[PDB]
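Enquirer: Following this message is one structure expressed as structure tokens.
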Amino acid sequence: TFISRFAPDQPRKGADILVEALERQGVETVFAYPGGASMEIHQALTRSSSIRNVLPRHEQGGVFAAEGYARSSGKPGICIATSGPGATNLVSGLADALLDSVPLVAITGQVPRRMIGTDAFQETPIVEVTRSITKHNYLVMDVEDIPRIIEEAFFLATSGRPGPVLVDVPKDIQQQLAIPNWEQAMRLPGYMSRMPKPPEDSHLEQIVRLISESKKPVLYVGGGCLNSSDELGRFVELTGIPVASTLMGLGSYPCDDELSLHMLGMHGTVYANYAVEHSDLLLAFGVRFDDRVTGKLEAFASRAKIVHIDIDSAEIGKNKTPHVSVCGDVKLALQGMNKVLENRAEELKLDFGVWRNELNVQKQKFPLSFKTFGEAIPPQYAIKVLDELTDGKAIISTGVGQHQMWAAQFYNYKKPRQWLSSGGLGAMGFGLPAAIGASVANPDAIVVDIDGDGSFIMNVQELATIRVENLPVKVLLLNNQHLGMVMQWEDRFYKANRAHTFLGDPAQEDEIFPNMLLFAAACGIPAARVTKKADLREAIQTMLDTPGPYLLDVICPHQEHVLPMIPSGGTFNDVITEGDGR
Amino acid sequence: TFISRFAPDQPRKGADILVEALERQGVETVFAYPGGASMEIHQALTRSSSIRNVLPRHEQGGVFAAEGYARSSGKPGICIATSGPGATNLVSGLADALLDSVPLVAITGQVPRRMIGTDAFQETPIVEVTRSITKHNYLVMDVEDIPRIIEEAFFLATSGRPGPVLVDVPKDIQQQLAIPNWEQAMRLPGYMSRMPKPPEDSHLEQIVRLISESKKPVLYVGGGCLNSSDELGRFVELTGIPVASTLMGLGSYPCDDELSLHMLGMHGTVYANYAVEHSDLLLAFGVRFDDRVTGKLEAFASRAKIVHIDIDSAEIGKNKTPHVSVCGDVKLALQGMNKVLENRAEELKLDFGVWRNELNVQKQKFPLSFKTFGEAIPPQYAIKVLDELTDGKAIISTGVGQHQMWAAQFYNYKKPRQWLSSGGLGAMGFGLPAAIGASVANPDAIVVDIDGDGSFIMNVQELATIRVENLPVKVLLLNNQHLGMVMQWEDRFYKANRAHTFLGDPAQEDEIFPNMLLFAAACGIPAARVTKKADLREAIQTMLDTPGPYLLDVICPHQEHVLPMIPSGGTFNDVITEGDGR
Amino acid sequence: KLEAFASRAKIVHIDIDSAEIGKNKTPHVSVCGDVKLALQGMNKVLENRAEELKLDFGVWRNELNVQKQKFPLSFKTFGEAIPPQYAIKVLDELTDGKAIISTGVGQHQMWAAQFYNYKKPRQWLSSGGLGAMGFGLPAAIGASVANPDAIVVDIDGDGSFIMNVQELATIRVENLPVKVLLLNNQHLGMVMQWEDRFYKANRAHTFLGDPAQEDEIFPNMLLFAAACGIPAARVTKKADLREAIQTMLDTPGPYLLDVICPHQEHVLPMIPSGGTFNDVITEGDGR
Ligand SMILES: Cc1cc2nc3c(=O)[nH]c(=O)nc-3n(C[C@H](O)[C@H](O)[C@H](O)COP(=O)(O)OP(=O)(O)OC[C@H]3O[C@@H](n4cnc5c(N)ncnc54)[C@H](O)[C@@H]3O)c2cc1C
Ligand SMILES: Cc1cc2nc3c(=O)[nH]c(=O)nc-3n(C[C@H](O)[C@H](O)[C@H](O)COP(=O)(O)OP(=O)(O)OC[C@H]3O[C@@H](n4cnc5c(N)ncnc54)[C@H](O)[C@@H]3O)c2cc1C
Ligand SMILES: Cc1ncc(C[n+]2c([C@@](C)(O)OO)sc(CCOP(=O)(O)OP(=O)(O)O)c2C)c(N)n1
Ligand SMILES: Cc1ncc(C[n+]2c([C@@](C)(O)OO)sc(CCOP(=O)(O)OP(=O)(O)O)c2C)c(N)n1
Ligand SMILES: Cc1ncc(C[n+]2c([C@@](C)(O)OO)sc(CCOP(=O)(O)OP(=O)(O)O)c2C)c(N)n1
Ligand SMILES: COc1cc(C)nc(NC(=O)NS(=O)(=O)c2ccccc2OCCCF)n1
Ligand SMILES: COc1cc(C)nc(NC(=O)NS(=O)(=O)c2ccccc2OCCCF)n1
Ligand SMILES: [Mg+2]
Ligand SMILES: [Mg+2]
Ligand SMILES: [Mg+2]
């Protein structure tokens, strides 16, 4: 039972109604950078004893932090920005959150209402700009709507298919006095009317049926199962079906597990893509048949009965047509199928050990492999050591590129919400701020940003934030002086012709440039470099043992190539398994 | 007569047609950060001998660089980005360019056409997102349209009221072979049909008439006169009317000149706002009656016959209703009025010396003034010294906040395109990248980014770009450890209650944090700090004399307040002239 | 052509919508506000400074009254055929210029503009910007309900009239005294006129009658009126016109008068689209 800081009949500013609306939602943390159009909100925040502001150094930093907070916790992330350039600096964060179905509530100051449309100081039509890159947005036109709109935005951000919701609040509404009414009903008739119902046993039994009739089943698991870790585990033991996961699903099913095919898709393991190529039953739980995963669709699971369980009806049959479909919460579907399974255990007598054996042969012929050249540090090996020394218990955020694939391939996520990575938009500069949010959400966790030198520098300014907020963020910076992923494609398809993919200084072409250690020094963050594979393990141990934030600059030969690789739009028969830039 | 690198009958990739389309436009410089959806364009660029790519470290860096290039030269600035997060990182740049009427051509890679709408890898509907923050945009749907669309985008970006135009190019169009047709006509019937005609002498004579009938005339000059420096100078000598300028007009009329009222508006000089308050004839040339400038509109030039000459009919009578109006190029209007004036010189016998005297009394009672406390460096003084030691010849870019007002107030711009500053959006992080573009456009100029510590850090990563491109950018970093402008408003209107406006480290509350010198060191840029006013002049001299880029960290007491200040929406009678945060 | 329009005038534009000011022609002076106030203010100044001004434009007014005399609006009368212009003029005469006039769109609309003398505003109800056919009959229905004691006449054309002919049911049932002066030429006349001037009188679907019985008035608008119990009559001879219209006016309740007219008439004068004054057509028709 909530206790306000205002008399139930005492008028207060709209800014204060808005902060209390946040408190009544359970918010403890927001990422807010102040500006003229949001100064009132920032004053109202200083008056809240229960909400902490982490002030970033760039609003993109702020929104990416709110994403990290969300992805690492299952709570919504909250960023606040001023109008104009404040608001426009959130846009990559919003698009990112929408594509990965991450729950986010973005609040932006706006010019006073009478000023809207007039090309006023620091005005941009942010509700127009973001309409196609948010799940929903709002322009508050009256202080009386603040309670109801905040409640609707949280409800839309976190229910159904989660995603970002943006609320534009004009400065004059922030200043208007009023007495909030917290009993207002929500105005979401259609949306609520279309929320999926719990699954019918009609559909659930038909699936358990198809399982027993099948000889080569594969689970195809994605971001939609991140709240189903236990149900999915139970489901796997009652059926012993092997588990392939998407980039977003990592850690739903434990990475180090005998039944685990690891990740599928363009950079999936040879065995996981094999399982799908030759399966007869494909259990697509919480996935969206993305082109990174399917390649040529006609070729994808070309001879499988496809069971698609998704909470968003628009996803069902959108790229691949399922045989069976179930529009609902995969967590419920698993709970129902698990009852049927355990009960009808005997009549079913489920044993796929013979299919599991065909795959463990591929798993043995074609494991993920890396070369070690001289004393040069292999990035794959560095991640593997980080896994070893953290006992697979760290929260890992990443940038985008080769280092991201390696952090996917060579770290064993045990639980969901350990892996924080931009999958759909693929936004560089995500790693450092996302670690900031994950740390604040998980103050006792090991938090490591496995970053690349291009991605890392894009939001390097957030090192100030880490230092000032005294967050124990570790940065494992895999440094190859290149935009490596674009470099790799230059190698395969453009005859290694380099078009602006080198990040160092051509004049001193053999010096590590820039010197990330000095970036850390500028913000008072202990840091070290390491070049010889011999020194790697003690280097990483040092990073882990040194209390507080820490940057480790890990130098790596740039000619590495993420493998395997099915070229864009290809089939399994096109999978590249060998080669690099040498 | 252009020479292609391809036979006139030889098919080439769409990417190559696009680069040649740029060459045929005169482009020599582009700011492009490569990604998957634009790799083809980057390969095509490496094949051009006449186009240089400055690779930034963040696409916001790239677009702000293209703005700097444009604003410092009068040529269009060209940035290129990949799809998805590349494109969304341009958005603040586009909005900025649109609000300041800066000519810009932004090219973004897009997913292949067949993929559009499918939530494909790194897809965002950028044409939707940017429609309201660009002058116009395009989604190329066929390689045959590349010549015509590039020609239309440059023509729209640079003609009329200049602004940003964005061209989205799907990856498959970049790869398609074709034979360009460079003779295609442009499809802009309506736009071309509505281009203003040259001014009629009917309207021009009526204005010169109103001048002779008037006793207290004021010129009100803005960004629209940046190509009219000579005509406007001539016009001022034939009439001796005093000249007030907006933030965007600085340097149209020379800052150090007896007839110069300097800048008007919310932080305008007391005398310039006085001239307007009490004028009877207001010559509004190339301005848009912005709220920063007018305050309460009914009070603005409340007793003046208002003559508004603007090239955009939508601006005329949009906030203040003119008596006379002229929709056309102010440069022509000046050339016409100058003929009438010089001819009818005798019959007119124009002498405003008595009004000019009333103003030179205000100019003497209420000049811009700053205090000097002990040995603490006053920011105003540092800018004045920079002016002295550069002889008013530097190109000055800035961030946003107090330091921006000071760079406006205490530097004497002699010509237009010396002052590069975000006026309408007011986007922090603009200064460093804008200096990068201005330097590349003006390789023999002194280029100085007068920046604040909040703004500077937002795009600190572009120091890598400065170093690698061996650009002689000087950074005069005015450091007060605060978001000073929001701090100032906290002081006046919120009882100095600080809500997240302190940028240093609360734990070591008296150390300069971060240490910008180490940011410079990381990128191999010579740097120094300075704290004592005694050392300032030799410090700045050093920065200027040291070849190549250079950062000077100038420490400043934070309690300074930009003055004078007419509070938002006020009248002249409300002008604050005294006070700070002490 | 805008460049040609008032090419040598100081233009004063008083409009209540700022978006209209300088949108197609650039004024010298502008005033964004209610023209009613602007007139009240200028009228005070005028009456006060009457003497110092000594305003006399009689010499310009004379230059124009010469044009007004050389080039008045004119129509031919062929035999006993009813000229539409004349029928409207008679309606004006017999109503004393006091009727509320709604119209359809086309030639008949221009004639109702040219040959009726509106004395006050809100007497003339006509679709000007969209130019929507079928507007006349329903618009008269609304005007009648708003002005139950007024003479209400829908000066309509046979194409426009039929488009919303169903509203005759409404007139009858609501017992509205709507009079219909239907100028009938069996053609989409305005498109016909343009066919004549610019397409060599080649007819593309502008004939509204029955090609099989090519000389019978088709349809028979009198029966449309009969279906809804509205008294109606036709008239073909100019001799019978004045008594016909008088009958329509004197018969209480709604009434339809079908006025047959030679179709070769042309609304004049005409400045062709996008032209200047120097291009004004003043003579000619479809004969
Ligand atoms: C450089 C790079 C390379 C990449 N290559 C690969 C690759 O080789 N393999 C790969 O897998 N990815 C790859 N991607 C990532 C990729 O583009 C997509 O982000 C990923 O494939 C999609 O993950 P997903 O299918 O799990 O769907 P998500 O984006 O995780 O969406 C979850 C789905 O589940 C649904 N859902 C959500 N909640 C529930 C619920 N409670 N119940 C039921 N359904 C729910 C949503 O409606 C949606 O359909 C790569 C990314 C990058 C940057
Ligand atoms: C912190 C801060 C404080 C500020 N305070 C002030 C202040 O005190 N004073 C101030 O002046 N600004 C101030 N501003 C800047 C402000 O918000 C606007 O950017 C500025 O007032 C508008 O400049 P402008 O009127 O010249 O119009 P611009 O944005 O420069 O537009 C130019 C105008 O001229 C027209 N035009 C362009 N080319 C031509 C041509 N060839 N012929 C004719 N017309 C043409 C365009 O159609 C447009 O109407 C401040 C900004 C910030 C960030
Ligand atoms: C904001 C932004 N701009 C450009 C991008 C386009 N991409 C990529 C891709 C995969 O999306 O292909 O397009 S990955 C990549 C290069 C990675 O830089 P690194 O981290 O230092 O090196 P690493 O060795 O790969 O680990 C670029 C330039 C992007 N996604 N985001
Ligand atoms: C991307 C962005 N985010 C927030 C902004 C809102 N504003 C400002 C304003 C004037 O627009 O009022 O809103 S100015 C300002 C603080 C200036 O930081 P400094 O340069 O280090 O210090 P200085 O001492 O003022 O020189 C902020 C936070 C902005 N415009 N852009
Ligand atoms: C819904 C609709 N459809 C077609 C139209 C296009 N126009 C016209 C115009 C002037 O807009 O030129 O386009 S006028 C006209 C023909 C008039 O038919 P009439 O009333 O019986 O004959 P009258 O002898 O001209 O009085 C047509 C077909 C229109 N405006 N509205
Ligand atoms: C230098 O200018 C500053 C600086 C600071 C710190 N704050 C303010 N505040 C206001 O201008 N408030 S405003 O009156 O409501 C207003 C009036 C008109 C258009 C937009 C408005 O608000 C949004 C503007 C940014 F806030 N202005
Ligand atoms: C890791 O994935 C990478 C990495 C790199 C460097 N490049 C590519 N290129 C393609 O995917 N080209 S694509 O086939 O036309 C394509 C297919 C589907 C959706 C979008 C597509 O393009 C835009 C994607 C980004 F480019 N993919
Ligand atoms: Mg790298
Ligand atoms: Mg500062
Ligand atoms: Mg007709």
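Residue numbering for chain A follows Swiss-Prot, covering 86-667 in order.
In case you wondered, yes, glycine gets a Cβ from its N, Cα and C as well.
Annotation comment: Swiss-Prot describes A:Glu144, A:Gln207, A:487-488, A:511-513, A:538-540, A:565-570 as thiamine diphosphate binding site. Annotation comment: Swiss-Prot describes A:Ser186, A:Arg246, A:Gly308, A:331-332, A:349-352, A:371-375, A:395-396, A:414-415, A:508-509 as FAD binding site. If you look up Swiss-Prot, you'll see A:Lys220, A:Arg246 marked as (R)-imazaquin binding site, on the strength of experimental evidence. Annotation comment: Swiss-Prot describes A:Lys256, A:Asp376, A:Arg377, A:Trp574, A:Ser653 as chlorimuron-ethyl binding site. The feature Mg(2+) binding site is assigned by Swiss-Prot to A:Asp538, A:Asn565, A:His567, with experimental evidence given as support. Under the heading coiled coil, Swiss-Prot lists A:414-446, citing sequence analysis as support. Taken from Swiss-Prot, the feature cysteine sulfinic acid (-SO2H) covers A:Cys340, and the record attributes it to experimental evidence.
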Enquirer: For the binding-site residues A:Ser186, A:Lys256, A:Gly371, A:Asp376, A:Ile396, A:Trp574, which sit with their CB under 6 angstroms from an atom of ligand 3?
Expert: none
Enquirer: When the Cα-Cα distance from A:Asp538 (Mg(2+) binding site) is computed for each of the recorded positions A:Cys340, A:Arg377, A:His567, A:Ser653, which gives the smallest value?
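Expert: Closest recorded candidate to A:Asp538 (Mg(2+) binding site) by Cα: A:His567.
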Enquirer: For A:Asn565 (thiamine diphosphate binding site), which residues of its chain lie six or more apart in sequence with Cβ-Cβ distance below 8 Å?
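Expert: Residues satisfying the criterion: A:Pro464, A:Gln487, A:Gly537, A:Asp538, A:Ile640, A:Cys641, A:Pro642, A:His643, A:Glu645.
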Enquirer: By a simple count of other Cβ atoms within 10 Å, which of A:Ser186, A:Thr331, A:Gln487, A:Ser653, the binding-site residues in the record, is least packed?
Expert: A:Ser653
Enquirer: Provide the three-state secondary structure of A:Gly539 (thiamine diphosphate binding site) computed with DSSP.
Expert: helix
Enquirer: Looking at the binding-site residues A:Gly350, A:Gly511, A:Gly569, which one has the fewest other Cβ atoms within 10 Å of its own Cβ?
Expert: A:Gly350
Enquirer: Taking the Cβ of A:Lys220 ((R)-imazaquin binding site) as reference, which residues of that chain separated by at least 6 in sequence fall under 8 Å from it?
Expert: A:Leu183, A:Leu241, A:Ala242, A:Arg246, A:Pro247, A:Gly248, A:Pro249, A:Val250
Enquirer: For a Cβ distance below 6 Å to any atom of ligand 6, name the binding-site residues from A:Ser186, A:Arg246, A:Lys256, A:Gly371 that qualify, or say none.
Expert: A:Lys256
Enquirer: Quick one: of A:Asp376, A:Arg377, A:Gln487, which binding-site residues have a CB closer than 8 A to some CB in chain B?
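Expert: Correct list, in sequence order: A:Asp376, A:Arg377.
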Enquirer: Can you tell which of the binding-site residues A:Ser186, A:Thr331, A:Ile396, A:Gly539, A:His567 lies nearest to A:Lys256 (chlorimuron-ethyl binding site) in space, using Cα positions?
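Expert: Checked the binding-site residues A:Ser186, A:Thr331, A:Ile396, A:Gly539, A:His567; minimum Cα distance to A:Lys256 (chlorimuron-ethyl binding site) goes to A:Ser186.
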Enquirer: Measure from the Cβ of A:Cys340 (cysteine sulfinic acid (-SO2H)) and count the other Cβ atoms within 10 Å, all protein chains considered.
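Expert: Looking across every protein chain shown, the total is 24.
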Enquirer: Where the criterion is a Cβ under 6 Å from an atom of ligand 7, which of the recorded positions A:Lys256, A:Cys340, A:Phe374, A:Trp574, A:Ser653 meet it?
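Expert: List returned for ligand 7: A:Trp574, A:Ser653.
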Enquirer: Taking A:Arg246, A:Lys256 as the binding-site residues to compare, which has the smallest set of other Cβ atoms within 10 Å?
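Expert: Output over binding-site residues A:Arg246, A:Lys256: least Cβ neighbours within 10 Å is A:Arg246.
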Enquirer: Determine which residues of the same chain, besides A:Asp538, A:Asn565, A:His567, have their CB within 8 A of the center of the CB atoms at the recorded Mg(2+) site, and list them by sequence.
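Expert: Sorted by sequence, the hits are A:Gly537, A:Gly539, A:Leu563, A:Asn564, A:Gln566, A:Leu568, A:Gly569, A:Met572, A:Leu588, A:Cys641, A:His643.
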Enquirer: Taking every protein chain shown into account, which of the binding-site residues A:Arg377, A:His567 has the largest tally of Cβ atoms within 10 Å of its Cβ?
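Expert: Compared across A:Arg377, A:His567, the most Cβ atoms within 10 Å surround A:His567.
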Enquirer: Given the binding-site residues A:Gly371, A:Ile396, A:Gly539, A:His567, state which is nearest to A:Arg377 (chlorimuron-ethyl binding site) when distance is taken between Cα atoms.
Expert: A:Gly371
Enquirer: Expressed to the nearest Å, what is the distance separating A:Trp574 (chlorimuron-ethyl binding site) and A:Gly511 (thiamine diphosphate binding site) at their Cα atoms?
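Expert: Spelling it out, the Cα of A:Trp574 (chlorimuron-ethyl binding site) and the Cα of A:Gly511 (thiamine diphosphate binding site) are 16 Å apart.
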Enquirer: Could you give the Cα-Cα distance between A:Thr331 (FAD binding site) and A:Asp376 (chlorimuron-ethyl binding site), in whole Å?
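Expert: Answer for this pair: 11 Å between alpha carbons.
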